[PDB]
Amino acid sequence: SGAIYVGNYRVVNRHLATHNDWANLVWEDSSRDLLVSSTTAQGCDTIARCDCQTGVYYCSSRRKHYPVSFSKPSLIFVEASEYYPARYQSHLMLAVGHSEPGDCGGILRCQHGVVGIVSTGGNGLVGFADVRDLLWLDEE
Ligand SMILES: Cn1nc(C(=O)N[C@H]2CCOC2)c2ccccc21
Ligand SMILES: [Zn+2]
(Lines give C-alpha, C1' and ligand atoms only; values in the text may rest on other atoms or scores of the structure.)
(Ligands and ions follow the chains in the order given, each with its own letter.)
Protein backbone atom coordinates (compact mmCIF):
# COMPACT_ATOMS: atom_id res chain seq x y z
CA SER A 1 0.00 0.00 0.00
CA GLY A 2 0.95 3.67 -0.27
CA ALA A 3 0.25 6.96 -2.01
CA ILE A 4 1.79 10.26 -3.16
CA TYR A 5 0.21 13.37 -1.58
CA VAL A 6 1.01 16.42 -3.74
CA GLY A 7 -1.10 19.60 -3.58
CA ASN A 8 -4.75 18.55 -3.34
CA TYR A 9 -4.14 15.21 -5.08
CA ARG A 10 -3.71 11.62 -3.84
CA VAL A 11 -1.87 9.34 -6.35
CA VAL A 12 -2.44 5.60 -5.79
CA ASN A 13 -2.16 2.34 -7.71
CA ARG A 14 -5.47 2.04 -9.65
CA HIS A 15 -5.80 -1.55 -8.46
CA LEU A 16 -5.73 -0.39 -4.78
CA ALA A 17 -8.14 2.58 -5.15
CA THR A 18 -10.91 2.79 -2.55
CA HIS A 19 -14.62 3.68 -2.99
CA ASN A 20 -13.77 7.17 -1.67
CA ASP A 21 -11.05 7.51 -4.38
CA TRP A 22 -13.58 6.60 -7.15
CA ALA A 23 -16.18 8.99 -5.65
CA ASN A 24 -13.57 11.86 -5.75
CA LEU A 25 -11.92 10.90 -9.04
CA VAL A 26 -9.61 13.32 -10.89
CA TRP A 27 -7.98 10.95 -13.48
CA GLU A 28 -7.25 7.26 -13.98
CA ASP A 29 -5.43 5.11 -16.52
CA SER A 30 -5.66 1.31 -16.41
CA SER A 31 -2.70 0.85 -18.80
CA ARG A 32 -0.48 2.77 -16.30
CA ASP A 33 -2.02 1.26 -13.08
CA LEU A 34 -2.60 4.84 -11.81
CA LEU A 35 -5.52 6.70 -10.25
CA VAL A 36 -5.62 10.22 -8.81
CA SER A 37 -8.31 11.47 -6.42
CA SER A 38 -8.90 14.89 -4.84
CA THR A 39 -8.06 15.68 -1.17
CA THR A 40 -9.33 18.18 1.35
CA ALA A 41 -5.90 18.57 3.04
CA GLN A 42 -2.72 19.73 1.20
CA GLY A 43 0.11 17.25 0.79
CA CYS A 44 3.88 17.61 1.31
CA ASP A 45 5.36 15.44 -1.48
CA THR A 46 6.77 17.18 -4.58
CA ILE A 47 7.13 15.65 -8.07
CA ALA A 48 10.52 15.25 -9.79
CA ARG A 49 10.81 16.89 -13.25
CA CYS A 50 13.89 15.17 -14.68
CA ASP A 51 15.22 12.10 -16.54
CA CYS A 52 17.08 10.46 -13.54
CA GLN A 53 17.68 6.73 -13.80
CA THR A 54 18.95 6.30 -10.21
CA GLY A 55 16.90 6.80 -7.01
CA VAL A 56 15.71 5.15 -3.79
CA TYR A 57 12.46 3.21 -3.20
CA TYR A 58 10.55 2.04 -0.12
CA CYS A 59 10.01 -1.73 0.29
CA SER A 60 7.29 -2.48 2.89
CA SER A 61 8.08 -6.25 2.87
CA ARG A 62 11.56 -5.33 4.27
CA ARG A 63 10.72 -2.06 6.14
CA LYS A 64 13.72 -0.62 4.20
CA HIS A 65 14.62 1.91 1.52
CA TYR A 66 16.94 0.66 -1.27
CA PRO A 67 19.01 2.50 -3.86
CA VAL A 68 18.23 1.39 -7.44
CA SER A 69 19.17 1.95 -11.09
CA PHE A 70 16.02 1.86 -13.27
CA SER A 71 15.08 1.78 -16.98
CA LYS A 72 13.38 4.71 -18.72
CA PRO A 73 9.56 4.63 -18.77
CA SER A 74 8.36 2.27 -21.46
CA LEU A 75 5.74 -0.30 -22.61
CA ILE A 76 6.46 -3.66 -20.88
CA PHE A 77 4.58 -6.98 -20.81
CA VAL A 78 3.34 -7.71 -17.24
CA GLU A 79 2.15 -11.21 -16.19
CA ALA A 80 -1.39 -11.89 -15.01
CA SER A 81 -2.21 -11.13 -11.39
CA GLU A 82 -5.48 -11.05 -9.34
CA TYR A 83 -5.75 -7.34 -10.50
CA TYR A 84 -5.24 -7.51 -14.26
CA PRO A 85 -4.90 -10.14 -17.01
CA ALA A 86 -1.41 -10.46 -18.64
CA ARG A 87 -1.03 -7.27 -20.70
CA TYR A 88 1.27 -4.41 -21.73
CA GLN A 89 1.67 -1.70 -19.04
CA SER A 90 2.80 1.74 -20.17
CA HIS A 91 5.14 4.31 -18.51
CA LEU A 92 6.74 1.50 -16.46
CA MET A 93 10.37 1.48 -15.22
CA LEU A 94 12.17 -1.70 -14.09
CA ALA A 95 14.91 -2.21 -11.51
CA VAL A 96 16.64 -5.03 -9.68
CA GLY A 97 15.26 -5.01 -6.09
CA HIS A 98 13.11 -7.05 -3.76
CA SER A 99 9.33 -6.77 -4.06
CA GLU A 100 6.14 -8.65 -3.18
CA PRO A 101 2.57 -7.78 -4.36
CA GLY A 102 1.69 -5.70 -1.28
CA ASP A 103 4.78 -3.46 -1.79
CA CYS A 104 2.68 -1.57 -4.43
CA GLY A 105 2.39 2.09 -3.50
CA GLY A 106 5.90 2.50 -2.07
CA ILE A 107 7.58 5.71 -3.33
CA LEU A 108 10.56 5.86 -5.70
CA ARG A 109 12.37 9.24 -5.34
CA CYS A 110 15.47 10.93 -6.73
CA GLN A 111 17.39 14.08 -5.84
CA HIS A 112 14.57 16.19 -7.54
CA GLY A 113 11.53 14.69 -5.80
CA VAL A 114 9.06 11.80 -6.20
CA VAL A 115 9.51 9.80 -9.43
CA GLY A 116 6.74 7.17 -9.15
CA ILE A 117 5.27 4.29 -7.10
CA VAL A 118 5.83 0.52 -6.98
CA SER A 119 3.41 -1.24 -9.38
CA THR A 120 4.93 -4.61 -10.63
CA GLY A 121 7.67 -7.10 -9.69
CA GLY A 122 8.84 -10.62 -8.89
CA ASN A 123 12.01 -12.76 -8.98
CA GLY A 124 14.27 -9.94 -7.75
CA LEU A 125 12.77 -7.26 -10.00
CA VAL A 126 10.62 -4.27 -9.00
CA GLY A 127 8.67 -2.06 -11.48
CA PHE A 128 7.55 1.56 -10.91
CA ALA A 129 4.72 3.55 -12.49
CA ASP A 130 6.30 6.88 -13.54
CA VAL A 131 4.48 10.15 -12.66
CA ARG A 132 7.09 12.71 -13.87
CA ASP A 133 5.25 13.42 -17.15
CA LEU A 134 1.97 14.38 -15.29
CA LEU A 135 2.67 18.10 -15.22
CA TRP A 136 -0.81 18.98 -13.96
CA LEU A 137 -0.04 17.37 -10.55
CA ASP A 138 2.34 20.15 -9.47
CA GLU A 139 2.68 23.51 -11.42
CA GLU A 140 -0.41 23.37 -13.66
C1 LIG B 1 5.37 -5.27 -6.58
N2 LIG B 1 4.65 -6.33 -7.26
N3 LIG B 1 3.47 -6.04 -7.93
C4 LIG B 1 3.01 -7.22 -8.37
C5 LIG B 1 1.78 -7.27 -9.21
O6 LIG B 1 1.24 -8.36 -9.49
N7 LIG B 1 1.33 -6.11 -9.69
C8 LIG B 1 0.16 -6.06 -10.57
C9 LIG B 1 -0.95 -5.25 -9.98
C10 LIG B 1 -0.86 -3.97 -10.72
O11 LIG B 1 0.01 -4.07 -11.84
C12 LIG B 1 0.41 -5.47 -11.95
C13 LIG B 1 3.88 -8.29 -7.97
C14 LIG B 1 3.91 -9.68 -8.14
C15 LIG B 1 4.96 -10.41 -7.60
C16 LIG B 1 5.97 -9.78 -6.86
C17 LIG B 1 5.95 -8.40 -6.69
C18 LIG B 1 4.91 -7.67 -7.25
ZN1 LIG C 1 15.68 13.37 -10.69
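Sequential numbering from 1 along the given sequence is applied to the chain's residues. Computed from heavy atoms alone, side chains included, the values below leave out hydrogens, waters and symmetry copies. In listed order, ligands and their atoms are each counted from 1.
- Take the N/O/S atoms of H112: the one nearest the Zn ion (ligand 2) is ND1.
- Nearest to atom 7 (N) of ligand 1 by heavy-atom distance, out of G106, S119, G97, is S119.
- Side chain of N13 to backbone of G105: a donor-acceptor contact under 3.5 angstrom is found.
- A side-chain donor-acceptor contact under 3.5 Å links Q89 and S119.
- Counting heavy atoms only, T120 comes closest to atom 2 (N) of ligand 1 of the residues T120, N123, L125.
- Without hydrogens or angle criteria, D103 side chain to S61 main chain gives a donor-acceptor distance under 3.5 Å.
- Nearest-residue assignment for atom 10 (C) of ligand 1 (options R14, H15, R32; heavy-atom criterion): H15.
- Set against the non-hydrogen atoms of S99, the atoms of ligand 1 under 4.0 Å away are 1 (C), 16 (C), 17 (C).
- With hydrogens and angles ignored, the 3.5 Å screen pairs no side-chain donor or acceptor of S37 with any backbone N or O of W22.
- Within ligand 1, counting atoms from 1 as listed, the ones closer than 4.0 Å to a heavy atom of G122 are 16 (C), 17 (C).
- Classification of the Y58-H65 ring pair by plane angle, with boundaries at 30° and 60°, yields tilted.
- When heavy-atom distances to ligand 1 are checked against a 4.0 Å cut-off, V118 comes that close only through its side chain, counted from C-beta outward.
- At a heavy-atom distance under 4.0 Å, only side-chain atoms of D33, from C-beta outward, approach ligand 1.
- Within the structure, the closest approach of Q89 to ligand 1 falls below 4.0 Å when heavy atoms are considered.
- For ligand 1, the atoms closer than 4.0 angstrom to any heavy atom of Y84 are 10 (C), 11 (O).
- For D133, the CG atom sits in a packed shell: over 12 heavy atoms of surrounding residues, nucleotides or ligands are nearer than 6.0 Å.
- In terms of protein heavy atoms, atom 15 (C) of ligand 1 is closest to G121 O, 3.4 Å.
- At a heavy-atom distance under 4.0 Å, only side-chain atoms of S81, from C-beta outward, approach ligand 1.
- No donor-acceptor distance shorter than 3.5 angstrom exists from the side chain of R109 to the backbone of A48, with no hydrogens or angles considered.
- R49 places a side-chain N or O within donor-acceptor distance of the main-chain N or O of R132, the cut-off being under 3.5 Å.
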